[PDB]
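Participant: Input: one structure, supplied below.
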Protein chains: 2
Amino acid sequence: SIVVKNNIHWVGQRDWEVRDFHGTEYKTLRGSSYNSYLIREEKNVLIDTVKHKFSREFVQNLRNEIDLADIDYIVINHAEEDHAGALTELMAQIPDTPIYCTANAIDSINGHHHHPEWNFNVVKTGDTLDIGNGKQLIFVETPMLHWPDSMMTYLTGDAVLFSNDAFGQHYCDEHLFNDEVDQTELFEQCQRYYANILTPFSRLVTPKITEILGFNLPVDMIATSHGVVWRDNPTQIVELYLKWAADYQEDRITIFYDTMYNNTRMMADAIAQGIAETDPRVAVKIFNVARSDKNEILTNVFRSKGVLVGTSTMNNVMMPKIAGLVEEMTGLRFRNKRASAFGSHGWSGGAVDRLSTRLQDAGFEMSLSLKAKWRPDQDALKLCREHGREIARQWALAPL
Amino acid sequence: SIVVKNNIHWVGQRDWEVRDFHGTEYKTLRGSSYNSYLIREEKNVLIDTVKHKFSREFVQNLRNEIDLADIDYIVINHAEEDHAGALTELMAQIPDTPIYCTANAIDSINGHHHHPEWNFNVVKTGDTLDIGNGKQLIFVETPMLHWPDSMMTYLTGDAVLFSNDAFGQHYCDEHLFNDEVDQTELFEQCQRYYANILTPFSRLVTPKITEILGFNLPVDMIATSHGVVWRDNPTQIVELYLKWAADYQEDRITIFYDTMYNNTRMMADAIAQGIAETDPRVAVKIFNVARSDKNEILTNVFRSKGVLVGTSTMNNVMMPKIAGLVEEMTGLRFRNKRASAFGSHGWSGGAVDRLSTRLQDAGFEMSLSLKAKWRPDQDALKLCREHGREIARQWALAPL
Ligand SMILES: Cc1cc2nc3c(=O)[nH]c(=O)nc-3n(C[C@H](O)[C@H](O)[C@H](O)COP(=O)(O)O)c2cc1C
Ligand SMILES: Cc1cc2nc3c(=O)[nH]c(=O)nc-3n(C[C@H](O)[C@H](O)[C@H](O)COP(=O)(O)O)c2cc1C
Ligand SMILES: [Fe+3]
Ligand SMILES: [Fe+3]
Ligand SMILES: [Fe+3]
Ligand SMILES: [Fe+3]
Ligand SMILES: [O]
Ligand SMILES: [O]
């Protein structure tokens, strides 16, 4: 175990191998960690557990740190399998130990573990739990961030905020603190995490953070459930969340597509050239959805002021990977972004109009579409390049 | 080159490495071949070419077989890149050589190659082309099988039908004839080809085959553009096409799903058990779309009387791989099939109803949906197993 601060001990699990989260919809290219914490004052408190995969290691490591019978309280901020997965294994040894969680958490814990006989203690925002030596735990409900059962736990005196998923990231390292790891990799994983997970709940992020700041509680460290512990200027991740929640966008345009014979690809490249020669201020990224990392694309969309999506017509409908990605964007609910559909067809086409409608359903402000027949010749590529010019001028943040 | 029959020579290209067709939407697990044919009578006729990738090999191999200036006519049954890709390379050496094709083919050839100055000869069904020695070519238009430009070429005397894509399959082997290869692998690739490509055009297959048979033309061999040449009982593939075109279905049910925490998976397994214990006549297949071959799933759907599709609710919508697969099935237009949606959710759900609607849009006759909250307990698994019973009884081809 590792000492976080004073009597706070890290008893979590590092995961160097993990590459698949949420089935296969979140790629963790730099692994992850599942942070669990043991506070040892007059009372002994365990905050969260780990993924069920590492349940046998978690309990064994916990035994080496403390006698299981000496654990007074267990706090579950979040009952997702990556934090409450080892709960059944633990409660098998100490079935009488009280569990402090939200009312919604009782539903989610019982939903996964099927042990309603456990001793649950419903907490709400403002409720306190004394652990001795002048210190206490303060609970703050954070529903739909990102689950109905989500909450945070604040420790007085030591001034440590256990925020669980919030402000966390999928980044594995032997070092525990934020000032001990590579800043670029840390930032990338942080923004990747928010873009793919917390984007649809951005409207709830700002008022909740404002509420927490209203409590006037000092924060020396922010102990998340994923990745590093923020100790050096810990509120930097809070400020990033405030910026990211305000319908974040840079002067950036993301282009992604799928293709069978590279006809749509040639259209995408021509559009990009038109943009770059019209507005040098705009950053342009191009991805083939069949050949690229899906979560990297979505992170770029989150950063972009607008997107262009390409697809060829196949059996009167759009390419499936495009349809799948559009469905996902419909759930992430991006705001204040614009979009334009394009692609090639053989005869009757129809997939571009179909795509344009579904992008509109996803919440994008739609511009005119761009269509081409078979492989674009020099004249057709001019039209594609002209489309990029028209898009650049329309989506301009500032004149010229 | 290989002698097909008399003066008919195979001058195509084998592709052992190929794994991706139509972008990445068709996996060729056993490679493929691109069959081109050179007929040498009084006139010399080249039928189709090969993929553009092998253009330099194709021309060089063609030179070794015959002087390029001695080629009288070029026949293009189909202008898709895997058959007409090496055309520009060839016409650069012999620009005056006439091209015989459909009216729609002029649009598709020029669409890919941008050389409208080529000498095109529009042919329609019934048109003939004498090549000497009492032999001639007879052209038969096959629009939307699978392209608007598609046609077949029949050679009199030798009685060889050049059917291009039709009756072909993606199967690579050193041996050229159907009686020289593994029958099981051949059948599998044949059915895989029809299910993923020709299913939406099944209504056109039967009348077209009926029309061809009406011509009373003898067929000794069927030389496709993909895979083996049918010489031993060559009409067996024609009969399979007739069976497959009649809204083909066996006593079979396909179940596929995507999941994040295996909750939906446990539902799928319970449903299967309920079916198998209710109707022993039914064959059941289960696939995880994120972990399985997409084209194998679709081949099973083609063979199935009905399907069950599972998904969890993620950001109020369905899993993207499921959305993508449903979009593709909407294009394949399966007929006379039934479906049932299922899956797990956390709180409000909604993805199952969303999926049920889109399956209905895909043409499936929808039965009642099955829903569960979090991880199904013993009581919930009974309900899932009961759902399988209800489905089995409803979809029964015969009583009991
Ligand atoms: C399997 C298949 C199905 C197709 N279906 C259609 C169609 O329904 N409507 C259409 O206009 N073109 C259709 N096409 C033609 C393509 O849209 C055309 O070749 C396009 O220019 C290729 O786009 P891409 O190279 O960007 O993938 C189809 C092509 C293939 C291979
Ligand atoms: C990222 C994420 C988003 C979710 N969104 C919803 C939702 O919008 N509505 C809902 O009812 N449950 C939601 N859930 C909960 C899951 O539907 C629930 O855990 C389900 O039982 C898991 O299904 P599975 O294991 O088959 O993938 C979400 C879960 C995750 C991880
Ligand atoms: Fe979570
Ligand atoms: Fe988590
Ligand atoms: Fe084809
Ligand atoms: Fe082909
Ligand atoms: O989580
Ligand atoms: O093809």
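Residues in the structure tokens are numbered from 1 in each chain, the chains being A, B, ... in the order shown, and ligands are numbered from 1 in the order shown.
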Report as JSON lines the residues of chain B within 9 Å of ligand 5, each with its shortest atom pair and distance in Å (one decimal), using only C-alpha atoms and all ligand atoms, ordered by chain and increasing residue number.

Facilitator:
{"residue": "B:78", "atom": "CA", "partner": "ligand 5", "partner_atom_place_in_ligand_line": "1 (Fe)", "distance": 6.8}
{"residue": "B:79", "atom": "CA", "partner": "ligand 5", "partner_atom_place_in_ligand_line": "1 (Fe)", "distance": 7.8}
{"residue": "B:80", "atom": "CA", "partner": "ligand 5", "partner_atom_place_in_ligand_line": "1 (Fe)", "distance": 5.5}
{"residue": "B:81", "atom": "CA", "partner": "ligand 5", "partner_atom_place_in_ligand_line": "1 (Fe)", "distance": 8.2}
{"residue": "B:82", "atom": "CA", "partner": "ligand 5", "partner_atom_place_in_ligand_line": "1 (Fe)", "distance": 7.4}
{"residue": "B:83", "atom": "CA", "partner": "ligand 5", "partner_atom_place_in_ligand_line": "1 (Fe)", "distance": 7.9}
{"residue": "B:145", "atom": "CA", "partner": "ligand 5", "partner_atom_place_in_ligand_line": "1 (Fe)", "distance": 8.4}
{"residue": "B:146", "atom": "CA", "partner": "ligand 5", "partner_atom_place_in_ligand_line": "1 (Fe)", "distance": 6.3}
{"residue": "B:147", "atom": "CA", "partner": "ligand 5", "partner_atom_place_in_ligand_line": "1 (Fe)", "distance": 6.9}
{"residue": "B:150", "atom": "CA", "partner": "ligand 5", "partner_atom_place_in_ligand_line": "1 (Fe)", "distance": 8.2}
{"residue": "B:164", "atom": "CA", "partner": "ligand 5", "partner_atom_place_in_ligand_line": "1 (Fe)", "distance": 8.1}
{"residue": "B:165", "atom": "CA", "partner": "ligand 5", "partner_atom_place_in_ligand_line": "1 (Fe)", "distance": 5.7}
{"residue": "B:166", "atom": "CA", "partner": "ligand 5", "partner_atom_place_in_ligand_line": "1 (Fe)", "distance": 8.7}
{"residue": "B:197", "atom": "CA", "partner": "ligand 5", "partner_atom_place_in_ligand_line": "1 (Fe)", "distance": 8.7}

Participant: Find the residues of chain B in contact range of chain A, meaning any atom within 10 Å when counting only C-alpha atoms, and list them as a ChimeraX atom specification.

Facilitator: /B:20-25,80-81,104,107-114,147-148,197,200-201,258-263,290-291,314-333,346-347,373-378

Participant: Do you have the atom CA of residue B:4-atom CA of residue B:161 distance handy?

Facilitator: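 Atom CA of residue B:4 sits 12.1 Å away from atom CA of residue B:161.
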
Participant: Pick the closest to ligand 1 from A:264, A:120, A:280, A:142: which is it, counting only C-alpha atoms and all ligand atoms?

Facilitator: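 Among the listed residues, the smallest separation from ligand 1 belongs to A:264.
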
Participant: Between B:106, B:240, B:396, B:222, single out the one closest to residue B:178, counting only C-alpha atoms.

Facilitator: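 Nearest to residue B:178: B:222.
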
Participant: Could you pull the residues within 12 Å of residue A:64, counting only C-alpha atoms, minus those fewer than 5 positions along the same chain, as a list in words?

Facilitator: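 Listed by chain and then number, they are residues 1, 11, 57, 58 and 59 of chain A.
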
Participant: Go ahead and save the picked residues with C-alpha atoms, as an mmCIF file, in the first residue's frame.

Facilitator:
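Ended up saving to out36.cif:
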data_model
loop_
_atom_site.group_PDB
_atom_site.id
_atom_site.type_symbol
_atom_site.label_atom_id
_atom_site.label_comp_id
_atom_site.auth_asym_id
_atom_site.auth_seq_id
_atom_site.Cartn_x
_atom_site.Cartn_y
_atom_site.Cartn_z
ATOM 1 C CA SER A 1 0.000 0.000 0.000
ATOM 2 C CA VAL A 11 -5.134 0.040 -1.217
ATOM 3 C CA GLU A 57 -5.774 -9.710 -4.593
ATOM 4 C CA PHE A 58 -7.731 -6.819 -3.088
ATOM 5 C CA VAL A 59 -8.885 -8.738 -0.014
#

Participant: Distance atom CA of residue B:367-atom CA of residue B:304, one decimal place?

Facilitator: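 Atom CA of residue B:304 lies 15.5 Å from atom CA of residue B:367.
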
Participant: What separation in Å, quoted to one decimal, exists between atom CA of residue A:205 and atom CA of residue A:241?

Facilitator: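 Interatomic distance here is 7.7 Å.
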
Participant: Quick one: residues within 12 Å of residue A:151, only C-alpha atoms counted, chain neighbours fewer than 6 positions away excluded, as a ChimeraX atom specification?

Facilitator: /A:47-48,75-79,100-105,122-127,138-145,161-166,208,212,224-225

Participant: How about saving the chosen residues, C-alpha atoms kept, as a PDB file, in the first residue's frame?

Facilitator:
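As a result, result_25.pdb now contains:
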ATOM      1  CA  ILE A  47     -13.627   3.893   0.584  1.00  0.00           C
ATOM      2  CA  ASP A  48     -14.678   1.938  -2.529  1.00  0.00           C
ATOM      3  CA  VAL A  75     -18.138   3.814   1.753  1.00  0.00           C
ATOM      4  CA  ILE A  76     -19.393   3.198  -1.787  1.00  0.00           C
ATOM      5  CA  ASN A  77     -19.392   6.392  -3.857  1.00  0.00           C
ATOM      6  CA  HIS A  78     -20.304   4.454  -6.985  1.00  0.00           C
ATOM      7  CA  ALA A  79     -21.498   0.887  -7.541  1.00  0.00           C
ATOM      8  CA  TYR A 100     -22.670   4.121   3.562  1.00  0.00           C
ATOM      9  CA  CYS A 101     -24.053   5.122   0.164  1.00  0.00           C
ATOM     10  CA  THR A 102     -26.829   6.988  -1.650  1.00  0.00           C
ATOM     11  CA  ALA A 103     -30.419   5.740  -1.848  1.00  0.00           C
ATOM     12  CA  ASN A 104     -29.891   5.017  -5.546  1.00  0.00           C
ATOM     13  CA  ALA A 105     -26.790   2.998  -4.652  1.00  0.00           C
ATOM     14  CA  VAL A 122     -28.559   6.009   3.200  1.00  0.00           C
ATOM     15  CA  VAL A 123     -26.706   9.319   3.115  1.00  0.00           C
ATOM     16  CA  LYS A 124     -27.576  12.638   1.490  1.00  0.00           C
ATOM     17  CA  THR A 125     -25.707  15.894   0.851  1.00  0.00           C
ATOM     18  CA  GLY A 126     -24.586  17.480   4.112  1.00  0.00           C
ATOM     19  CA  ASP A 127     -24.662  14.301   6.183  1.00  0.00           C
ATOM     20  CA  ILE A 138     -18.961  14.755   4.625  1.00  0.00           C
ATOM     21  CA  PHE A 139     -21.124  13.274   1.866  1.00  0.00           C
ATOM     22  CA  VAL A 140     -22.159  15.084  -1.318  1.00  0.00           C
ATOM     23  CA  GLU A 141     -24.689  13.602  -3.747  1.00  0.00           C
ATOM     24  CA  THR A 142     -23.801  13.849  -7.441  1.00  0.00           C
ATOM     25  CA  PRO A 143     -26.662  12.135  -9.317  1.00  0.00           C
ATOM     26  CA  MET A 144     -26.091  11.473 -13.040  1.00  0.00           C
ATOM     27  CA  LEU A 145     -22.384  12.235 -12.684  1.00  0.00           C
ATOM     28  CA  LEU A 161     -11.995  14.990  -1.616  1.00  0.00           C
ATOM     29  CA  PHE A 162     -12.810  11.450  -2.695  1.00  0.00           C
ATOM     30  CA  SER A 163     -14.507  12.253  -5.987  1.00  0.00           C
ATOM     31  CA  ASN A 164     -14.600   8.728  -7.435  1.00  0.00           C
ATOM     32  CA  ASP A 165     -14.993   8.872 -11.245  1.00  0.00           C
ATOM     33  CA  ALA A 166     -15.058  12.680 -11.354  1.00  0.00           C
ATOM     34  CA  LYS A 208     -22.723  20.829  -9.024  1.00  0.00           C
ATOM     35  CA  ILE A 212     -19.443  22.180  -3.821  1.00  0.00           C
ATOM     36  CA  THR A 224     -10.223   9.982  -7.610  1.00  0.00           C
ATOM     37  CA  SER A 225     -11.102   6.359  -8.339  1.00  0.00           C
TER      38      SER A 225
END

Participant: Which of stretch 61-106 of chain B end up as alpha helix (DSSP H) when DSSP is run on this backbone - answer as an NGL selection string?

Facilitator: :B and (61-65 or 81-84 or 87-91 or 103-106)

Participant: Using only C-alpha atoms, which residue out of B:399, B:349, B:134, B:12 lies closest to residue B:278?

Facilitator: B:399

Participant: So which one's closest to residue B:268, B:170, B:285, B:226, B:294? Using only C-alpha atoms, please.

Facilitator: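 Once distances to residue B:268 are computed over only C-alpha atoms, the minimum belongs to B:285.
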
Participant: Taking only C-alpha atoms and all ligand atoms into account, which of B:193, B:202, B:17, B:182 comes nearest ligand 6?

Facilitator: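 The shortest atom-to-atom distance to ligand 6 comes from B:193.
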
Participant: Among stretch 145-375 of chain B, which ones does DSSP assign to strand (DSSP E or B) (computed from the backbone)? Answer as a ChimeraX atom specification.

Facilitator: /B:151-155,160-164,177,221-224,229-230,252-257,283-288,306-310,314,317,338-345,365-366,370-373

Participant: Tell me, as a list in words, which residues lie within 9 Å of residue B:206, counting only C-alpha atoms; anything in the same chain fewer than 6 positions away does not count.

Facilitator: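 Answer for this query is residues 241, 242, 245 and 246 of chain B.
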
Participant: May I have the selected residues written with C-alpha atoms, as a JSON list (two decimals), in the first residue's frame?

Facilitator:
[["chain", "number", "residue", "atom", "x", "y", "z"],
["B", 241, "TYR", "CA", -29.58, -19.73, -56.05],
["B", 242, "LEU", "CA", -33.22, -20.58, -56.79],
["B", 245, "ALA", "CA", -33.82, -16.47, -53.55],
["B", 246, "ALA", "CA", -37.19, -17.74, -52.32]]
